[PDB]
Structures are given as structure tokens and as C-alpha cells.
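Residue numbers (the entry's author numbering), protein chains in the order written: chain A, 4 to 138; chain B, 3 to 138; chain C, 4 to 133.
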């Protein structure tokens, strides 16, 4: 009864690990020796992109589960997949040029807002179930 | 279900975190910091670092929030959760004005976090001694 | 029952807060004035280590719970403990020298992939009988 949410969650976790791998590969390709994170423009775009993704990850997960638990698992699950796609655009877009990140960024933040909305409605509706009203 | 209050707080805090990210985006435009760079303007640098410290601790807050709410008391955890959200509001805007103006909101939100950790640890412990060692 | 998962989760959250404390201590030891995060090489090692940990934390939590819920709580719990240990090695290793991070890094990523695997099997096996 959370099996769909669980699946999306494992998919997104693999995406985030994939992004971390690219930064590791970029460190070798452009000779950026740890702990440094600057010194090659190509590396800096890859690093910053991965950083923005990893920052937003827990926000996506919460919003995903609250929507799926309190509104509809199937609908949240589908939005979740489109979000995973949006960041795929964002990451690879940025990596090529800072201005190519904007599509994937707008898509994934649109989805996140909708998930927030659905989660808020469902939680509200669900709160009225201890006032016995179901709208 | 018996997580409805936790769920509400969680959605509120997630909105706060997205709001912080928006401010960094606005600051990038106001102080002309060309991506992927995050240095150059001191005003931008304070806003960026503040949002970074918030986003780092966010998953730690969520775990501690739910463990406290699940294994100790949902209503008590829920209330602390709201005050934490407020403390982070002070921290972020405080830091944005001056590096030393962050300290109030910092102490508040980390105090709460420690208490939530405490409650979570007790409840989990009590539940563990009741479930594998038959001691409540 | 999720009491074992709950315990590991609170343990790891304490580790993460501990790492953040060390960065705070490093700011004072090497005079790195906020909001700056560069200058002292040793500080940059401590900071980057804590940053790699805090990035991967939500990934560990999700995979930990999915494995524990859909595969086995006791087995996931044990792997969870080994991950916590691997991160302990990573952090302190890296703090001394970038090349001392490698052991704790391999250990913790081994665990993470297995947790992902177990979670995926359990969810699948789970979905195979509707």
C-alpha cells in the first residue's frame, strides 16, 4: 500500500548516486584534486548541478510521500516519475552550459509545487475525517 | 493516519526550504553572480551559506521529527516542529543581514532538534525493551 | 514494527550532527570566517568530507527503510550499522589526508548498493503477488 512510492523512491535514489558518480568522473577528467571544488569551468558546472539536485532531494521525497499517502498513490507516483525526468534534463543541460539548465529546472519545480498542493489538500481533507467530513 | 500532524508540519517545512532556495535565486540576480560560481558578493555569500546550512540539516530534522512523533508523542513533536520552523526563519533572515545576527535562530532551532532527538531515543528505547526483552 | 530502523536512523542523525560540529570547530581552529569555506587546506578537507556525508544521508535513509520494510528489518538494520561505521572511517580518514578516505568510502558505498538491491527485490517480490 506504499509499493508504488517505494519504487519511485528507489529510482530517484539511483539517479542521485549516478550524479555523484559523474562528479567523481569529472574530478579525474579535469584534474580537480580533493578537497578542491573549483579550477575547471566544466567541473564547476557539473559539481553545482549535482549540489542543487542533492539539496532538493529530501524535499522531493517528503512531498512525494505526503501526496501519495494523503491524496492518491498512483497520481503522485506519476508526477514523481516526471520530476525524475525534469532533473535529468537539468543536470545534463547545466553540464553543457549554465543557460541550458532552465527547462529541466522549471519542469521539476512545477511538479514539486503541484505535489505540495496535492499533499496539502489531502492532509486537510484527511484532517476533517476526525471531524467526520469527507469532501 | 495517526501521522496527519507530522505530515502537515513536514509539508510546511518543505515549503520553507523551497522559499530559501528562491531567495538564493533572487540574490544571484541582484548581485550578478554568474553560475556556477557562489562567491564574489558578500551579501550573496551570506544568503548562500545560510540556505546551505538549512538544507544540510533538513533531513536530520525530518528523521528526528518522525521518530519523536511515532515513538513518543505526535502532538508534542508536532509543536516542537513548528517552533523549529520558526527558529530557521530567524536564522536565515538573521544571517542575511549580518553573520552574527544568525545566532538567536541558530540556538533555538538546534535546542529543539536536540530535544526531539532525546524524545525519539527514549521512545525507541522504551519500545525496544518492550519488544525484544519484555520490559516496559 | 520499525523499532530497529528507528534506532539506526536516530544513531545516524547523531553522527551527522557530530560531523557538523567538527566543521564548526574547524572554523575556529583555522580562522575561516563565515560565509567563506576556503583558505585552510585542512579545513577544506573537513568541510568537503562533511558535505559528502550530508549529501548521501537522505539516500541512505530511504534505502534503509525500503529494505527494512520490504525485505527484512533485522538484516537491513545490520547493514545500516556497518554503513554508519564506514562513514566514520571516511570522515576521519579524509580529515587527515584525501587518500585516507578511500576505505570508508568503499565500505559505505558497498552497503548502500546492497540496501538498494534488497529494497528493489523485496518491492518486486512484493509486487509479484499483487
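Note that CB positions come from ideal geometry on N, CA and C, so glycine has one too.
Using 8 Å as the limit for Cβ to Cβ distance, is residue 81/A near chain C?
-> Numbered from its first residue, the first chain carries residue 81/A at position 78. No, residue 81/A lies away from the interface with chain C (no Cβ there is under 8 Å from its Cβ).
Listed by chain order, chain C residues near residue 20/A by CB distance under 9 Å | Counted from its first residue, the first chain places residue 20/A at position 17. Those within 9 Å of residue 20/A in chain C are 59, 62, 112, 115, 116, 119.
If we cut at 8 Å on Cβ distances, does residue 107/C have a partner in chain A?
-> By 1-based counting over the third chain, the position of residue 107/C is 104. Output row for residue 107/C: interface = no.
Can you tell me the Cα-Cα spacing of residue 86/B and residue 111/B, whole angstroms?
-> As a first step, residue 86/B must be located in the second chain, where it is residue number 84. As a first step, residue 111/B must be located in the second chain, where it is residue number 109. Using only the alpha carbons, I get a separation of about 5 Å.
Contact with chain B by residue 87/C, beta-carbon distance below 8 Å = Position 84 of the third chain, counted from the start, is the residue given in the question as residue 87/C. Not closer than 8 Å to any Cβ of chain B, the Cβ of residue 87/C fails to qualify, so no.
Taking C-beta pairs closer than 9 Å, name the residues in chain C that residue 48/B reaches, listed in chain order.
-> As a first step, residue 48/B is located in the second chain; it is residue number 46 there, counting from the start. Going along chain C in sequence order, the residues near residue 48/B (Cβ under 9 Å) are 37, 38.
Measuring only between beta-carbons, confirm whether residue 29/A sits less than 8 Å from chain B.
-> Indexing the first chain from 1 puts residue 29/A at position 26. Residue 29/A does not count as touching chain B.
Can you name the start and end residues of the alpha helix (DSSP H) that residue 89/C belongs to?
-> Here residue 89/C is taken as the residue at index 86 of the third chain, counted from 1. Where residue 89/C is concerned, the enclosing alpha helix (DSSP H) stretches over 76-99.
Closer than 8 Å to chain C by CB, residue 12/A = Translated into the one-based positions of the first chain, residue 12/A becomes position 9. Taking Cβ atoms only, chain C reaches closer than 8 Å to residue 12/A, which makes this a yes.
Of the listed residues 81/A, 51/A, 67/A, nearest to residue 13/B (C-alpha basis) | Translated into positions along the second chain, residue 13/B becomes position 11. Of the candidates 81/A, 51/A, 67/A, the one whose C-alpha sits nearest the C-alpha of residue 13/B is 67/A.
Where residue 104/A falls, given that 16 or more other Cβ within 10 Å makes a residue buried | Numbered from 1 along the first chain, position 101 holds the residue referred to as residue 104/A. Burial call: buried.
Can you grab the Cα-Cα spacing for the pair residue 63/C / residue 115/C, in whole Å?
-> Against the third chain, residue 63/C aligns to sequence position 60. Against the third chain, residue 115/C aligns to sequence position 112. So the alpha carbons of these two residues sit roughly 7 Å apart.
Between the C-alpha atoms of residue 41/C and residue 31/C, what's the straight-line distance to the nearest angstrom?
-> Looking up residue 41/C in the third chain gives position 38. Looking up residue 31/C in the third chain gives position 28. Cα to Cα, residue 41/C sits roughly 13 Å from residue 31/C.
Sorted by chain position, which residues of the same chain lie with C-beta nearer than 7 Å to residue 118/B's C-beta, five sequence neighbours on each side aside?
-> Mapped onto the second chain, residue 118/B falls at position 116. Cβ within range, chain order: 66, 67, 70, 79, 82.
For residue 76/B, I'd like the list of residues in its chain whose CB is within less than 8 Å of its CB, leaving aside the five on either flank, ordered along the chain.
-> As a working note, residue 76/B is residue 74 in the second chain. Only 4, 5, 7, 8 meet the Cβ criterion.
Sort 26/A, 54/A, 58/A by Cα distance to residue 43/A and report the nearest one.
-> The residue you call residue 43/A lines up with position 40 of the first chain. If we check each option's Cα against that of residue 43/A, 26/A comes out closest.
At a Cβ threshold of 8 Å, is residue 52/C touching chain B?
-> The sequence position of residue 52/C within the third chain is 49, counting from 1. Chain B contact via Cβ: absent.
Are the C-beta of residue 123/B and some C-beta of chain C separated by less than 8 Å?
-> Position 121 of the second chain, counting from 1, holds the residue named residue 123/B. Closer than 8 Å to some Cβ of chain C, the Cβ of residue 123/B qualifies, so yes.
Determine, using beta carbons only, whether residue 126/B comes closer than 8 Å to chain A.
-> In the second chain, residue 126/B corresponds to position 124, counting from 1. Chain A, which has no Cβ nearer than 8 Å to the Cβ of residue 126/B, makes this no.
May I ask whether a heavy atom of the ligand SAH can be found less than 7 Å away from the beta carbon of residue 28/B?
-> Inclusion of the ligand SAH in the displayed structure is not the case, the ligand content being empty and no account of it being possible.
Which whole-angstrom value describes the C-beta separation of residue 97/C and residue 52/C, a residue pair presumed to lie in contact below a C-beta threshold of 8 Å?
-> In the third chain, counting from the first residue as 1, residue 97/C sits at position 94. In the third chain, counting from the first residue as 1, residue 52/C sits at position 49. Sure, about 4 Å apart at Cβ, within 8 Å.
First and last residue of the uninterrupted alpha helix (DSSP H) at residue 123/B = The residue labelled residue 123/B in the question sits at position 121 within the second chain. Per DSSP, residue 123/B belongs to the alpha helix (DSSP H) from 105-133.
Can the beta-carbon of residue 73/A be found closer than 8 Å to that of residue 129/A?
-> Taking the first residue of the first chain as 1, we reach residue 73/A at position 70. Taking the first residue of the first chain as 1, we reach residue 129/A at position 126. Their beta carbons are under 8 Å apart, which means residue 73/A touches residue 129/A by this criterion.
Check the Cβ of residue 4/C against every Cβ in chain B and list those closer than 8 Å, keeping chain order.
-> Along the third chain, read from residue 1 onward, the residue named residue 4/C stands at position 1. Under the 8 Å cutoff, chain B gives 133.
Just the Cα atoms here: how many angstroms apart are residue 50/A and residue 88/A?
-> Stepping through the first chain from its first residue, residue 50/A is reached at position 47. Stepping through the first chain from its first residue, residue 88/A is reached at position 85. Using only the alpha carbons, I get a separation of about 19 Å.
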